[PDB]
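Reviewing the structure listed below.
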Amino acid sequence: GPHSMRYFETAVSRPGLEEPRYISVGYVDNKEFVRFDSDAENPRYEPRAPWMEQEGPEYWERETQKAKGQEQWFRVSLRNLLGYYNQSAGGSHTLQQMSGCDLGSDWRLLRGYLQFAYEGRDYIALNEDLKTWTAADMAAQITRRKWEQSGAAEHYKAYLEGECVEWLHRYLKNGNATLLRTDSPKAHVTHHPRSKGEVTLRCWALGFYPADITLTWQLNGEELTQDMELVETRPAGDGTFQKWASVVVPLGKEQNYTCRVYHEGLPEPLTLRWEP
Amino acid sequence: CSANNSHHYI
Amino acid sequence: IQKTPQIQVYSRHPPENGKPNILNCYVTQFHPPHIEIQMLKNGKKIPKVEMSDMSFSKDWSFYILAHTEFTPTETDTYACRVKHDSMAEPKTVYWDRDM
């Protein structure tokens with residue numbers, strides 16, 4: 001399979017003499033392996049995955065100093081954005097960053113990522129070339145012009161192609177099997193008779209990891225999007241997920257309708273019907 | 001390995 | 001704008017009256033990151049409620065899992081009350097064991 005690393009960073013401000021809160025989360029293959037929160041008694045990068053315990057004290061000291069660097073960078077940028085958007089003082093403002101790299105199954109670099117958002121809206125992004133920026137707003141165009149004069153894209157391209165990739169190789173070796181877990185779903189259909197001669201058939205997938213799953217209902221071979229209801233996939237709290245998808249059907253006809261569960265941990269998709 | 005945005009501020 | 005939070009309330013394990021279980025309240029797609037989440041047994045606040053750390057999605061919106069131990073019964077109601085800047089008044093979502 002492919003592989004990914006991302007750092008999700010957030011700075012949130014508060015009216016007053018107090019400095020914004022800064023939070024940084026690392027992910028390898030979409031799992032959180034490190035975190036830094038400036039609200040902690042002793043702000044530091046800490047391991048969120050067991051294999052990161054292999055890292056030595058020097059690693060943690062270096063990465064913590066970087067985080068305090070980002071913390072300062074974010075407070076400056078927050079102040080400037082208050083200027084750009086002509087916002088007065090005393091609002092709630094959030095600035096966020098996503099950066100990282102996508103590798104293919106050959107562990108070779110597929111894509112670099114850098115993006116920024118202000119108030120939860122796209123602000124500026126590095127293009128997949130890694131030499132140019134898309135700036136959404138008019139305020140962002142100022143930032144773009146300023147970053148073209150400052151050679152920002154060269155800086156981040158060196159990071160995303162070199163260090164991101166090589167450190168991701170290290171973490172991929174060390175988290176080797178752990179990052180590759182899969183837990184197959186367990187599916188079952190529950191029967192909910194309803195007014196006017198019908199029944200709700202609800203199709204459940206439980207205890208699966210990762211969270212990607214697809215559930216389809218099929219009448220006589222055709223997939224049914226008509227009057228099909230579902231919930232967004234939800235964490236159980238144990239490290240697995242849940243989902244259900246339901247279809248309103250005529251009572252007595254249940255065996256005419258079929259649920260199918262598509263998940264990577266399965267040998268083949270699950271096909272199931274309501275069983276009395 | 002986390003990011004350094006160095007001197008390029010928004 | 002602000003984004004209106006989505007709320008699901010559900011048990012970790014299949015509900016069984018009288019059997020101890022875990023109740024979840026999953027709140028997603030809200031911005032700004034500050035939010036208030038309470039879990040209620042019979043309209044009263046449950047004392048010790050565990051809360052996952054601040055995380056956000058590729059669409060920049062934030063999500064949280066709150067959870068607590070509970071034993072479902074026929075007479076007891078459970079719900080999640082959520083206060084956020086995006087909504088005029090607090091929203092309460094009651095647990096439905098079928099969903």
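Here's how to read the names in the structure tokens: chain A, B, ... by the order shown, residue numbers from 1 in each chain, ligand numbers from 1 in the order shown.
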Exercise: segment 55-58 of chain C partners within 12 Å, only C-alpha atoms, chain neighbours under 2 positions left out, as JSON, numbers by chain: {"A": [6, 7, 8, 9, 10, 23, 24, 25, 26, 27, 30, 31, 32, 35, 36, 37, 94, 96, 97, 98, 99, 113, 114, 115, 116, 117, 120, 121, 122], "C": [27, 28, 29, 30, 31, 32, 33, 34, 51, 52, 53, 60, 61, 62, 63, 64, 65]}
Preceding selection exported with C-alpha atoms as a PDB file, in the first residue's frame:
ATOM      1  CA  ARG A   6       1.224  14.778   8.018  1.00  0.00           C
ATOM      2  CA  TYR A   7       1.559  17.447  10.632  1.00  0.00           C
ATOM      3  CA  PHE A   8      -1.716  19.192  11.488  1.00  0.00           C
ATOM      4  CA  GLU A   9      -1.009  22.445  13.330  1.00  0.00           C
ATOM      5  CA  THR A  10      -3.468  24.861  14.912  1.00  0.00           C
ATOM      6  CA  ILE A  23      -1.177  22.383  18.954  1.00  0.00           C
ATOM      7  CA  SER A  24       0.730  20.159  16.520  1.00  0.00           C
ATOM      8  CA  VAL A  25      -0.156  16.581  15.641  1.00  0.00           C
ATOM      9  CA  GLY A  26       1.888  14.153  13.592  1.00  0.00           C
ATOM     10  CA  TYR A  27       0.390  11.288  11.585  1.00  0.00           C
ATOM     11  CA  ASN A  30      -3.205   8.478   9.108  1.00  0.00           C
ATOM     12  CA  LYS A  31      -2.366   7.503  12.704  1.00  0.00           C
ATOM     13  CA  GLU A  32      -1.293  10.022  15.319  1.00  0.00           C
ATOM     14  CA  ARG A  35       1.708  15.581  19.618  1.00  0.00           C
ATOM     15  CA  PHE A  36       2.697  18.983  20.990  1.00  0.00           C
ATOM     16  CA  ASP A  37       0.254  21.172  22.991  1.00  0.00           C
ATOM     17  CA  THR A  94      -7.928  30.131  14.204  1.00  0.00           C
ATOM     18  CA  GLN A  96      -4.169  26.027  10.694  1.00  0.00           C
ATOM     19  CA  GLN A  97      -1.532  24.220   8.652  1.00  0.00           C
ATOM     20  CA  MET A  98      -1.325  20.822   7.023  1.00  0.00           C
ATOM     21  CA  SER A  99       2.011  19.648   5.692  1.00  0.00           C
ATOM     22  CA  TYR A 113       1.595  19.047   0.784  1.00  0.00           C
ATOM     23  CA  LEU A 114       1.569  22.501   2.364  1.00  0.00           C
ATOM     24  CA  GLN A 115      -1.682  24.337   3.082  1.00  0.00           C
ATOM     25  CA  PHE A 116      -2.942  27.106   5.364  1.00  0.00           C
ATOM     26  CA  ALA A 117      -6.416  28.081   6.545  1.00  0.00           C
ATOM     27  CA  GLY A 120     -11.383  27.328   8.882  1.00  0.00           C
ATOM     28  CA  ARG A 121     -11.283  28.550   5.278  1.00  0.00           C
ATOM     29  CA  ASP A 122      -8.575  27.919   2.722  1.00  0.00           C
TER      30      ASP A 122
ATOM     31  CA  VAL C  27     -19.103  15.596  17.568  1.00  0.00           C
ATOM     32  CA  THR C  28     -17.752  16.486  14.148  1.00  0.00           C
ATOM     33  CA  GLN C  29     -17.512  19.239  11.570  1.00  0.00           C
ATOM     34  CA  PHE C  30     -17.565  22.204  13.933  1.00  0.00           C
ATOM     35  CA  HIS C  31     -15.477  25.374  13.736  1.00  0.00           C
ATOM     36  CA  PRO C  32     -14.005  27.194  15.843  1.00  0.00           C
ATOM     37  CA  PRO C  33     -12.320  24.437  17.931  1.00  0.00           C
ATOM     38  CA  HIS C  34     -13.920  25.516  21.226  1.00  0.00           C
ATOM     39  CA  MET C  51     -12.769  13.485  26.217  1.00  0.00           C
ATOM     40  CA  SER C  52     -10.442  12.862  23.281  1.00  0.00           C
ATOM     41  CA  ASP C  53      -7.824  15.455  22.282  1.00  0.00           C
ATOM     42  CA  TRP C  60     -10.179  21.911   8.431  1.00  0.00           C
ATOM     43  CA  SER C  61     -13.151  21.088  10.711  1.00  0.00           C
ATOM     44  CA  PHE C  62     -12.702  19.690  14.232  1.00  0.00           C
ATOM     45  CA  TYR C  63     -13.964  16.506  15.930  1.00  0.00           C
ATOM     46  CA  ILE C  64     -14.134  15.083  19.459  1.00  0.00           C
ATOM     47  CA  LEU C  65     -15.137  11.849  21.124  1.00  0.00           C
TER      48      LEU C  65
END
Non-local contacts of residue 49 of chain C (12 Å; only C-alpha atoms; under 2 positions in same chain excluded) as a PyMOL selection string: chain C and resi 22-25+37-41+45-47+51-52+65-70+80
Deliver the residues from the most recent selection as a file, using N, CA, C and O atoms, as a PDB file, in the first residue's frame.
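selection.pdb was written with the following content:
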ATOM      1  N   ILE C  22     -20.128   1.251  27.406  1.00  0.00           N
ATOM      2  CA  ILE C  22     -19.579   2.595  27.249  1.00  0.00           C
ATOM      3  C   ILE C  22     -20.487   3.377  26.312  1.00  0.00           C
ATOM      4  O   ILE C  22     -20.863   2.879  25.250  1.00  0.00           O
ATOM      5  N   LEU C  23     -20.801   4.611  26.693  1.00  0.00           N
ATOM      6  CA  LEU C  23     -21.581   5.527  25.880  1.00  0.00           C
ATOM      7  C   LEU C  23     -20.662   6.565  25.244  1.00  0.00           C
ATOM      8  O   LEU C  23     -19.775   7.115  25.904  1.00  0.00           O
ATOM      9  N   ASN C  24     -20.848   6.781  23.954  1.00  0.00           N
ATOM     10  CA  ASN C  24     -20.094   7.718  23.145  1.00  0.00           C
ATOM     11  C   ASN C  24     -20.990   8.856  22.673  1.00  0.00           C
ATOM     12  O   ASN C  24     -22.188   8.669  22.407  1.00  0.00           O
ATOM     13  N   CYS C  25     -20.385  10.037  22.594  1.00  0.00           N
ATOM     14  CA  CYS C  25     -20.930  11.212  21.923  1.00  0.00           C
ATOM     15  C   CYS C  25     -19.827  11.737  21.013  1.00  0.00           C
ATOM     16  O   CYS C  25     -18.803  12.232  21.493  1.00  0.00           O
ATOM     17  N   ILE C  37     -19.334  19.982  25.773  1.00  0.00           N
ATOM     18  CA  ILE C  37     -20.005  18.704  25.610  1.00  0.00           C
ATOM     19  C   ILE C  37     -20.318  18.165  26.997  1.00  0.00           C
ATOM     20  O   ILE C  37     -19.413  18.024  27.828  1.00  0.00           O
ATOM     21  N   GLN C  38     -21.591  17.883  27.254  1.00  0.00           N
ATOM     22  CA  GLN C  38     -22.019  17.226  28.482  1.00  0.00           C
ATOM     23  C   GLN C  38     -22.780  15.949  28.158  1.00  0.00           C
ATOM     24  O   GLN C  38     -23.484  15.863  27.156  1.00  0.00           O
ATOM     25  N   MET C  39     -22.635  14.950  29.009  1.00  0.00           N
ATOM     26  CA  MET C  39     -23.390  13.720  28.861  1.00  0.00           C
ATOM     27  C   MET C  39     -24.338  13.582  30.038  1.00  0.00           C
ATOM     28  O   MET C  39     -23.936  13.769  31.190  1.00  0.00           O
ATOM     29  N   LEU C  40     -25.593  13.260  29.738  1.00  0.00           N
ATOM     30  CA  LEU C  40     -26.679  13.285  30.701  1.00  0.00           C
ATOM     31  C   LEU C  40     -27.283  11.902  30.867  1.00  0.00           C
ATOM     32  O   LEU C  40     -27.636  11.246  29.882  1.00  0.00           O
ATOM     33  N   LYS C  41     -27.394  11.480  32.119  1.00  0.00           N
ATOM     34  CA  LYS C  41     -28.237  10.371  32.536  1.00  0.00           C
ATOM     35  C   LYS C  41     -29.438  10.983  33.243  1.00  0.00           C
ATOM     36  O   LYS C  41     -29.278  11.669  34.262  1.00  0.00           O
ATOM     37  N   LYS C  45     -26.151  15.749  34.820  1.00  0.00           N
ATOM     38  CA  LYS C  45     -24.805  15.651  34.260  1.00  0.00           C
ATOM     39  C   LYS C  45     -24.023  14.499  34.874  1.00  0.00           C
ATOM     40  O   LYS C  45     -23.930  14.366  36.100  1.00  0.00           O
ATOM     41  N   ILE C  46     -23.452  13.679  34.008  1.00  0.00           N
ATOM     42  CA  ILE C  46     -22.652  12.529  34.423  1.00  0.00           C
ATOM     43  C   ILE C  46     -21.275  13.039  34.856  1.00  0.00           C
ATOM     44  O   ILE C  46     -20.701  13.888  34.158  1.00  0.00           O
ATOM     45  N   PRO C  47     -20.771  12.628  36.035  1.00  0.00           N
ATOM     46  CA  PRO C  47     -19.623  13.326  36.642  1.00  0.00           C
ATOM     47  C   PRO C  47     -18.286  13.287  35.912  1.00  0.00           C
ATOM     48  O   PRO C  47     -17.696  14.339  35.645  1.00  0.00           O
ATOM     49  N   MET C  51     -12.656  12.604  27.369  1.00  0.00           N
ATOM     50  CA  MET C  51     -12.769  13.485  26.217  1.00  0.00           C
ATOM     51  C   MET C  51     -11.499  13.327  25.389  1.00  0.00           C
ATOM     52  O   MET C  51     -10.403  13.477  25.925  1.00  0.00           O
ATOM     53  N   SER C  52     -11.630  13.005  24.103  1.00  0.00           N
ATOM     54  CA  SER C  52     -10.442  12.862  23.281  1.00  0.00           C
ATOM     55  C   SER C  52      -9.836  14.237  22.992  1.00  0.00           C
ATOM     56  O   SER C  52     -10.482  15.268  23.156  1.00  0.00           O
ATOM     57  N   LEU C  65     -14.382  12.928  20.512  1.00  0.00           N
ATOM     58  CA  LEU C  65     -15.137  11.849  21.124  1.00  0.00           C
ATOM     59  C   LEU C  65     -15.187  12.065  22.630  1.00  0.00           C
ATOM     60  O   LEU C  65     -14.146  12.195  23.294  1.00  0.00           O
ATOM     61  N   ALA C  66     -16.402  12.120  23.157  1.00  0.00           N
ATOM     62  CA  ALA C  66     -16.646  12.061  24.580  1.00  0.00           C
ATOM     63  C   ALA C  66     -17.197  10.672  24.865  1.00  0.00           C
ATOM     64  O   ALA C  66     -17.886  10.084  24.031  1.00  0.00           O
ATOM     65  N   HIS C  67     -16.852  10.124  26.024  1.00  0.00           N
ATOM     66  CA  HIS C  67     -17.355   8.803  26.363  1.00  0.00           C
ATOM     67  C   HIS C  67     -17.382   8.637  27.870  1.00  0.00           C
ATOM     68  O   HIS C  67     -16.625   9.279  28.604  1.00  0.00           O
ATOM     69  N   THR C  68     -18.261   7.745  28.318  1.00  0.00           N
ATOM     70  CA  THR C  68     -18.419   7.466  29.735  1.00  0.00           C
ATOM     71  C   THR C  68     -18.895   6.027  29.921  1.00  0.00           C
ATOM     72  O   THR C  68     -19.556   5.452  29.049  1.00  0.00           O
ATOM     73  N   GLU C  69     -18.547   5.433  31.054  1.00  0.00           N
ATOM     74  CA  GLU C  69     -19.149   4.148  31.376  1.00  0.00           C
ATOM     75  C   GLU C  69     -20.628   4.354  31.716  1.00  0.00           C
ATOM     76  O   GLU C  69     -21.021   5.404  32.232  1.00  0.00           O
ATOM     77  N   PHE C  70     -21.461   3.377  31.348  1.00  0.00           N
ATOM     78  CA  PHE C  70     -22.869   3.412  31.730  1.00  0.00           C
ATOM     79  C   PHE C  70     -23.458   2.011  31.659  1.00  0.00           C
ATOM     80  O   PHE C  70     -22.948   1.143  30.945  1.00  0.00           O
ATOM     81  N   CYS C  80     -26.583  13.733  24.955  1.00  0.00           N
ATOM     82  CA  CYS C  80     -25.403  14.571  24.843  1.00  0.00           C
ATOM     83  C   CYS C  80     -25.855  15.994  24.568  1.00  0.00           C
ATOM     84  O   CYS C  80     -26.547  16.242  23.576  1.00  0.00           O
TER      85      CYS C  80
END
Could you pull out all residues of segment 23-242 of chain A with a DSSP call of strand (DSSP E) and give them as a PyMOL selection string? chain A and resi 23-28+31-37+45-47+94-103+109-118+121-126+133-135+186-194+198-208+214-219+222-223+228-230+234-235+241-242
Do you know which residues are at most 12 Å from residue 249 of chain A counting only C-alpha atoms, after dropping those on the same chain fewer than 2 positions away, and could you put them as a count of residues only? 30
Using only C-alpha atoms, select each residue of chain A with any atom at most 9 Å away from an atom of chain B, and give the selection as a PyMOL selection string. chain A and resi 6-7+24-26+63+66-67+69-70+73-74+76-78+80-81+99-100+140+142-144+146-147+150-152+155-156+159+163-164+167-168
Expected answer as a PyMOL selection string: alpha helix (DSSP H) residues in segment 80-124 of chain A: chain A and resi 80-84
For atom CA of residue 245 of chain A and atom CA of residue 216 of chain A, the interatomic separation in Å (one decimal): 7.4 Å
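Nearest residue to residue 90 of chain C among C:8, C:16, C:1, C:36 is C:36, counting only C-alpha atoms.
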